[PDB]
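Structural overview
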Amino acid sequence: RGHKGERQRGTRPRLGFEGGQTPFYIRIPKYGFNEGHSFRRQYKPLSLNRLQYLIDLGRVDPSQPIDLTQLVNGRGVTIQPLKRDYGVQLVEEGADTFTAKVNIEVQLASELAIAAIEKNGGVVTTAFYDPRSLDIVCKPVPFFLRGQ
Amino acid sequence: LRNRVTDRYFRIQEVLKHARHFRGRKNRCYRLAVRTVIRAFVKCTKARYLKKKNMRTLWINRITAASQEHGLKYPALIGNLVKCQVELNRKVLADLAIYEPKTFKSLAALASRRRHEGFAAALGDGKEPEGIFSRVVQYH
Amino acid sequence: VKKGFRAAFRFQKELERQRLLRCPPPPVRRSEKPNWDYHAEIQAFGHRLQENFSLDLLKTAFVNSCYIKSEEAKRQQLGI
Amino acid sequence: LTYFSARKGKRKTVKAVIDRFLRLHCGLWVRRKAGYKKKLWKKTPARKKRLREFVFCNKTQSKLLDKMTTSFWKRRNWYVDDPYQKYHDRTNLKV
Amino acid sequence: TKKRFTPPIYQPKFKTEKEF
Amino acid sequence: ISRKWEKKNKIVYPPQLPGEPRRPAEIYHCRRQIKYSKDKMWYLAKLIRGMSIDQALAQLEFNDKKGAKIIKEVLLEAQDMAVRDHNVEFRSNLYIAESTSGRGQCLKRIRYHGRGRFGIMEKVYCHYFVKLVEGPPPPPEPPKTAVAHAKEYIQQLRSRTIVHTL
Amino acid sequence: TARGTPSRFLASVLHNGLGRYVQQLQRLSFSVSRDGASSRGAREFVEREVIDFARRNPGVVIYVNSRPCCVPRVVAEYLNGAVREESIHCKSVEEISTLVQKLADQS
Amino acid sequence: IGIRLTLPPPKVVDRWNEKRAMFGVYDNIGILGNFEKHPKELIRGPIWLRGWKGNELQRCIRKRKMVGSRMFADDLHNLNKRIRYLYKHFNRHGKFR
Amino acid sequence: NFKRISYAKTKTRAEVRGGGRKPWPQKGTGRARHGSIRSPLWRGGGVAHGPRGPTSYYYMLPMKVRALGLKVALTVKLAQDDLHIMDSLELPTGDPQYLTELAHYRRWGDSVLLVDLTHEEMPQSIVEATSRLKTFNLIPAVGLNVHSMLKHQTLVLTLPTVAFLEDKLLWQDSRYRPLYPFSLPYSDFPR
RNA sequence: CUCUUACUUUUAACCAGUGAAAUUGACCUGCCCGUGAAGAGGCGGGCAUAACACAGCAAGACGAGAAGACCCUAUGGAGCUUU
RNA sequence: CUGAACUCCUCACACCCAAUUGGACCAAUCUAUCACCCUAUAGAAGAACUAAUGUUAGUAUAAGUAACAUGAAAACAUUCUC
RNA sequence: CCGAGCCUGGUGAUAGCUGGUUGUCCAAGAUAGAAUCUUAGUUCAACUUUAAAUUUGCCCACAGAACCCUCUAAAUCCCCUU
RNA sequence: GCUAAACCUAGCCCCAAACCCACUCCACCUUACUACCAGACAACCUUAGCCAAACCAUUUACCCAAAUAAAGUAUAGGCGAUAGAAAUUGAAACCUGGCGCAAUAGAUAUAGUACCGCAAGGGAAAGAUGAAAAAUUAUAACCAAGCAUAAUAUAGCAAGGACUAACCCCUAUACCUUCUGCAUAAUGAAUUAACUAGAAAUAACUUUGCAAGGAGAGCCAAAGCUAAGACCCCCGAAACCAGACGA
Ligand SMILES: [K+]
Ligand SMILES: [K+]
Ligand SMILES: [K+]
Ligand SMILES: [K+]
Ligand SMILES: [K+]
Ligand SMILES: [K+]
Ligand SMILES: [K+]
Ligand SMILES: [K+]
Ligand SMILES: [K+]
Ligand SMILES: [K+]
Ligand SMILES: [K+]
Ligand SMILES: [K+]
Ligand SMILES: [Mg+2]
Ligand SMILES: [Mg+2]
Ligand SMILES: [Mg+2]
Ligand SMILES: [Mg+2]
Ligand SMILES: [Mg+2]
Ligand SMILES: [Mg+2]
Ligand SMILES: [Mg+2]
Ligand SMILES: [Mg+2]
Ligand SMILES: [Mg+2]
Ligand SMILES: [Mg+2]
Ligand SMILES: [Mg+2]
Ligand SMILES: [Mg+2]
Ligand SMILES: [Mg+2]
Ligand SMILES: [Mg+2]
Ligand SMILES: [Mg+2]
Ligand SMILES: [Mg+2]
Ligand SMILES: [Mg+2]
Ligand SMILES: [Mg+2]
Ligand SMILES: [Mg+2]
Ligand SMILES: [Mg+2]
Ligand SMILES: [Mg+2]
Ligand SMILES: [Mg+2]
Ligand SMILES: [Mg+2]
Ligand SMILES: [Mg+2]
Ligand SMILES: [Mg+2]
Ligand SMILES: [Mg+2]
Ligand SMILES: [Mg+2]
Ligand SMILES: [Mg+2]
Ligand SMILES: [Mg+2]
Ligand SMILES: [Mg+2]
Ligand SMILES: [Mg+2]
Ligand SMILES: [Mg+2]
Ligand SMILES: [Mg+2]
Ligand SMILES: [Mg+2]
Ligand SMILES: [Mg+2]
Ligand SMILES: [Mg+2]
Ligand SMILES: [Mg+2]
Ligand SMILES: [Mg+2]
Ligand SMILES: [Mg+2]
Ligand SMILES: [Mg+2]
Ligand SMILES: [Mg+2]
Ligand SMILES: [Mg+2]
Ligand SMILES: [Mg+2]
Ligand SMILES: [Mg+2]
Ligand SMILES: [Mg+2]
Ligand SMILES: [Mg+2]
Ligand SMILES: [Mg+2]
Ligand SMILES: [Mg+2]
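In the nomenclature of the PDB entry, chain G corresponds to Large ribosomal subunit protein mL43 from the organism Homo sapiens. Its PDB record names the entry "Human mitochondrial ribosome in complex with mRNA, A/P- and P/E-tRNAs at 2.98 A resolution".

As named in the PDB entry, chain A is 39S ribosomal protein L15, mitochondrial, taken from Homo sapiens. What UniProt states about chain A under its Subcellular location heading is, verbatim, "Mitochondrion". If you open the UniProt record of chain A and go to Sequence similarities, you find "Belongs to the universal ribosomal protein uL15 family."

As structure tokens, then:
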């Protein structure tokens, strides 16, 4: 513990204190980097590579409509409604090699991602889910046990 | 779970066993003995250097005495014996002085002879051949 | 009273050493002590000395008249 | 800092930090320059442009800011049309 | 210099009252 | 407390053989919890140490110390105890082999001082121990004479070796 | 320290080595345990090492005693009457071999 | 002084008593029992400590929250003071910041 | 350790009876300065860093880790010839001596763990014999655990138990990461 | 006071009884000069030196006693005064 | 010539810096399982005291020191002195 | 024991200040500065320690680095080779 | 050889469960524990401060009725120190146990007694045979300091090297703390026994599990994730405030 002073006696100042000089974390001007962060909508990205991977392994069934319930049941995506997630955004990554024909319902989709599914004969729709609805559709069984 | 030292008695006895022959309370009282025992052990450790030093001072004194009985100073004996390729050390030389006095006189005589040869050589201008006892045996 | 057995056991061993030192036990023959095999000891005796003894003769050499007369008295006392 | 809150026994975030610094998921912290809105009439164009830059903090400051904020602020976020989305991940970084 | 007085403290009586 | 001194008069020796010499009789006796200081008692036990039973009783009879009257009482009852119980033929054929004092159990009391201060006084007690042995008092050791000093000095000059050599 | 311990002059037993050399180690008494982790190394020494060690030293009578014990010990006795007890608690087979050989060489 | 002069009474341990013999049984109640019961539900003890771990400050907060209303006046006062002392120690004192 | 709760507790200097007043003035007495007679330096004072129970030691290894441990214990028993498979646990009699003699004849260890598929369907004969023994313990399959397996020298499993154990333990290798506790309904669980 | 003296009592000292306190790192506890954290029983160089009580003395042991009250320091207190 | 812990010689080698930092071991106690004249592998913790004018208790030193107490004779009746 | 009583409680008040801080063994290890109601203290550098990554570090050859001005200084910086 | 040493019980601690609670006759709110007389008085009303903010002046967590999670998020604040929700979510619960203490411990407790204080109030210490004491000349001994058995012989941190030999010879300026530096005539310590002081997050690291997933709903994830191991002392002011007790 050293010798004398505050180090040995255990009474050194709080973290961030600099001995009385205006500390670094205070002398920097405030700026709205994080303003409203908790009210910003978030979308878990789902790539066409990941979707093709899931279809090839039998984890998602392209013979039936694919929505959040089917993606979550296949453990394709993890949605956190308590963390301001509003659903999945379909991203273009993997468009060149995407071959599956699917009917998929997402919350957001890039223009190139839409083209990749439509070129193969599939259908893509963008569907909104409110925070309560998103929780229910993702984990239906826990909801059914509430008797509502 | 409350733990207490149960064998403190033996820990104390490890120090006190070395302090039985001390004078006064420092032979029985741990607080006192431990400090004195530490000092004793440090002294014992450093004494190994002095033992060697003193041992050699003793041999030099004894060799000096024996040499003076033959009219030779200590540096003349040790120096000139080396020049005869006699590598006897001071420990052996001191023992010889006590228990082999006739051999020691011979060693003193040999040193004295080599010493006189040195003087003759130094006095000469190189004309003289090397002394009989001054010749060095070479090793290749 | 402190918990434990090890320290107490160690102290008992020390108390028994001091008791013996205070009253040293009367000495006894090595044969009477444990770990003794007379036949093995006889053979080792010769081997230590690097001598090829005859085991019959060597054993007789150790037998003394006093031991024989006393051995017989014990036999008579026990009615054997 | 409050290492253990009295109500939850949980470490607390220093909110002063949240109001001034942006944490990129890769570990970097971004800030503005002190004085960037002060006495602009006496400052040259070159100096004023420097003051407007968004700049990175050093290792020591980053380590301090990391300690002064809870894990929640270090999670990966997927905000829609985030202006800083590209900067969350490093590229071609050797050590 | 302010007056300094340390009052004496008596020990518990029982410690000097025990009999065989 | 320890009471080993009273248990030494209970040792029974095996019968002696016909050729063995007459064994002197030993009598242990003591008195416990004497209201007296062991330091003051030590000077009285040191006085008679080595004396005969009759000489010790004469020295203690004309001493002014309080411990003197107590030791003399302990000696008188140890003398009778010897002849009556320990098979001692002559009561005057005894001498003081061992005589010492020991600390007893003491009590603590308050001693009042001025200014509300106090001290603790010990009410001191001691023990007295004595051992009587049958026979005459061992002759005192004569003082070392010049012949013994010289004989010892020359013996040291003859026992010295040559050190730190062969 | 030297002042705190006894000393002696260098000597031999019955002028050993002058006319002939006689091994001074006379007896070895091992006390191993059938069960017990402390004696694991001592049990392995009795299986392969003790038999070969006796062949080399025919003048030493070795007494191996297997009995319940928490601390296995070897007791060495010498012709001059000295008795030495050395614990072999938790020692490896190689460690015990070294110790036993040292005892054989001492006077 | 300070060491006993006799051996203590020998320690007799019955290693095959019913308590020791059946130690561990049903610790895999969930894995082998269709997860109907969690192993934490086997823990018996204070209501504020079953299946939960924390440091002394955290334990004190938890105890006051769960059973503080049922605690004795003297006990609750000490608990409040302990929470106050521990709050200052952990948040304000120590080698590290 | 996971279910260990320590009840050891001591009193700090704040909880020891009394100790309010400063025992004597700071200066002038010639004595050491003290603030309370219940300081940890004093006889009868508080404990500086003593136990502050009740104290919980609860923690949980990952479910997969605990399942793997069971597999290792079964393999070790088989590899070392300590595992015996039975068709059933039905004995001819309920006398404990029969079971004891049976183990001795078959060269089983001193202790034997007997595992039946279900508590309710344990044969009455084995229940009577084991109830009167100390080193022969009868447990249901749901009670199998590493500690008991290691404490008992010999493990005896019935054939139905073997099927039971393989089903439960191999399910851990092929399962998804959970979406919610497995107690809740799943498509294919239970069975 | 120059300039002190005599006597009595108390204390004192010895014998008997009773029996504290501060103090105490350990001590086998000399003098001179020199040295040194700058004033030495303990270091260097010299000198002195069988052991052990009792009674005096107060030069030293930087003697005991009270964590200096003077002085300064502390983002330590309190009393009082006030534009 | 004398003269180090420098260097050489026989054998061995982790074995001479405050704060701080890294590492290898370990006393006793309890628990699990061993062991069974005092142990082993592990899990734990009120887990180690030559020093805080430390706390409690014992006994020393100062010290048998400071200090303390009962008028006289007698037949213990009494008388005398103050 | 009154510059403002005593008792209990808040209270384990607070102290950048003094004192104390308990088994064994080995190893590395001595320090440019800045700010601060700050100089009896802290935070950042610097030095120091452990682990990790991969590549040069130290020692240095020529060539090269200012006029103004009185000491035309000892030197430094840079630097392949080794 | 004394003084002493040694012991294992008394009880106690932390949980669980369970709601809790008196009574012989007589006396007792006046000066309580006092058989027996003319009165009529009557309860409520924000805690503060230490302390943190390295001063301090706004401010500075204190069960308030479900574990968990939402979350240390929204939000509050000399926007500093720090304080801090809710919607929503949602499990278990079989007293008679103990890796708790064992006479300086554990309750202060053999007792709120002795003793201390006018009062409020403060507040101890300690016991130890055995089947039988209607077996008491009984249970051996061995162990701290202090003493005794047994004072002392030039010279010196009291020892070391040694030596035929205790000493004589040679070598050697106690310890701790504190300092640029201490034999220092700077600090603490008579001695023995017992007691008496490093508590944890953030990351990282090491070793397992599984792996684009990990985790026994929440959370994290561009090799991650889960679990474990391993780092943060003791004593001490003058003070401040509240409510009692005292002429
Ligand atoms: K912001
Ligand atoms: K802290
Ligand atoms: K006159
Ligand atoms: K004087
Ligand atoms: K100081
Ligand atoms: K300061
Ligand atoms: K008490
Ligand atoms: K000190
Ligand atoms: K000085
Ligand atoms: K000084
Ligand atoms: K001073
Ligand atoms: K009045
Ligand atoms: Mg310090
Ligand atoms: Mg400092
Ligand atoms: Mg209190
Ligand atoms: Mg205080
Ligand atoms: Mg207590
Ligand atoms: Mg006088
Ligand atoms: Mg007197
Ligand atoms: Mg002093
Ligand atoms: Mg001087
Ligand atoms: Mg005098
Ligand atoms: Mg005087
Ligand atoms: Mg001095
Ligand atoms: Mg003074
Ligand atoms: Mg001062
Ligand atoms: Mg203040
Ligand atoms: Mg030399
Ligand atoms: Mg060297
Ligand atoms: Mg080396
Ligand atoms: Mg061990
Ligand atoms: Mg262990
Ligand atoms: Mg401790
Ligand atoms: Mg101690
Ligand atoms: Mg102390
Ligand atoms: Mg005097
Ligand atoms: Mg007087
Ligand atoms: Mg008078
Ligand atoms: Mg107060
Ligand atoms: Mg403090
Ligand atoms: Mg080093
Ligand atoms: Mg300022
Ligand atoms: Mg400074
Ligand atoms: Mg350079
Ligand atoms: Mg270069
Ligand atoms: Mg403040
Ligand atoms: Mg102030
Ligand atoms: Mg809520
Ligand atoms: Mg008690
Ligand atoms: Mg003693
Ligand atoms: Mg000398
Ligand atoms: Mg120390
Ligand atoms: Mg200074
Ligand atoms: Mg010096
Ligand atoms: Mg000093
Ligand atoms: Mg000072
Ligand atoms: Mg920690
Ligand atoms: Mg104030
Ligand atoms: Mg007030
Ligand atoms: Mg009045």
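A closer look at the pairing of strand 4 (residues 83-87) of chain G
The two faces of a sheet get side chains in turn, since along a regular strand they alternate between them. All names here are of chain G. By the bridge criterion, 5 bridges tie strand 3 (residues 73-78) to strand 4 in an arrangement that is antiparallel. Bridge pairing in strand 4 places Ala76 opposite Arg84. Between the antiparallel neighbours strand 3 and strand 4 lie 4 residues, among them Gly81 with a positive phi of about 100°.

As for the protein's contact with RNA strand K
In the vicinity of RNA strand K lie 71 residues, with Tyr74 of chain B, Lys11, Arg15 and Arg20 of chain H together with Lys151 of chain I positioned nearest. In RNA strand K, atoms within 4 Å of the protein come from the sugar-phosphate backbone in 71% of cases. Between a base nitrogen of RNA strand K and a side-chain N or O atom of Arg11 of chain B, the distance comes to 3.0 Å. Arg6 of chain C places a side-chain nitrogen or oxygen 3.2 Å from a phosphate oxygen of RNA strand K. Those elements that place two or more of their residues in the surface near RNA strand K are helix 1 (8-16), helix 2 (30-69) and helix 3 (74-83) of chain B, helix 1 (6-22) of chain C, helix 1 (38-48) and strand 3 (107-112) of chain F together with helix 4 (146-151) of chain I. With 9 residues, helix 2 of chain B is the largest single contributor of residues to the surface near RNA strand K. Looking at side-chain class alone, the surface near RNA strand K contains 24 nonpolar, 17 polar and 30 charged residues.

Some thoughts on a positive patch on the surface
Together, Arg7, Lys8 and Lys10 of chain D together with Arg64, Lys65, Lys81, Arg84, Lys88 and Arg92 of chain H make up a region of like positive charge exposed at the surface. Within the residue set of the positive patch, elements represented by two or more residues are helix 3 (56-67) and helix 4 (73-92) of chain H. Counting residues per element, the positive patch draws most heavily on helix 4 of chain H, which supplies 4 residues. Tracing the chain through its elements places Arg84 of chain H in helix 4.

Observations concerning empty space enclosed by the protein
With the rule as written, the count across this model stands at 1 cavity of 30 Å³ or more. Roughly 40 Å³ of internal volume is contained in the largest cavity. In this structure, the largest cavity is lined by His37, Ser38, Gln42, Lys83 and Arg84 of chain A together with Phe72, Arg75, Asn77 and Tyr79 of chain D. Of the residues contributing to the lining of the largest cavity, the split by class is 2 nonpolar, 4 polar and 3 charged.

Criteria and thresholds
Residues numbered from 1 in each chain as written, not as in the entry; some residues may be left out. Chains lettered and ligands numbered in written order. Part of a larger assembly, values for the part shown. Heavy atoms only, no water. UniProt positions renumbered as here; feature names shortened; annotations may be inferred. Pairing = 2+ DSSP bridges. Helix = DSSP H or I, 4+ residues; strand = E, 2+ residues; numbered from the N terminus. Near = heavy atom within 4 Å. Polar contact = N/O pair within 3.5 Å; in protein donor to acceptor, adjacent residues only side chain to side chain. Nonpolar A, V, L, I, M, F, W, Y, C, P; charged D, E, K, R; others polar. Patch = residues over 30% accessible without salt bridge, like charges linked within 9 Å, V, L, I, M, F, W, Y side chains within 5 Å. Areas by Shrake-Rupley, 256 points an atom, 1.4 Å probe, with all protein chains shown as cover. Salt bridge = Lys/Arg side-chain N within 4 Å of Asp/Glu carboxyl O. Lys, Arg positive; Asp, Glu negative; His and termini not counted. Charge placed at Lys NZ, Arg CZ, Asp CG, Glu CD. 1 Å grid on protein atoms, 1.4 Å probe; cavity = no way out; pocket = protein on both sides within 12 Å on 5 of 7 lines; lining within 4 Å. Points joined across faces, edges and corners; volume = space filled by probe spheres on them.

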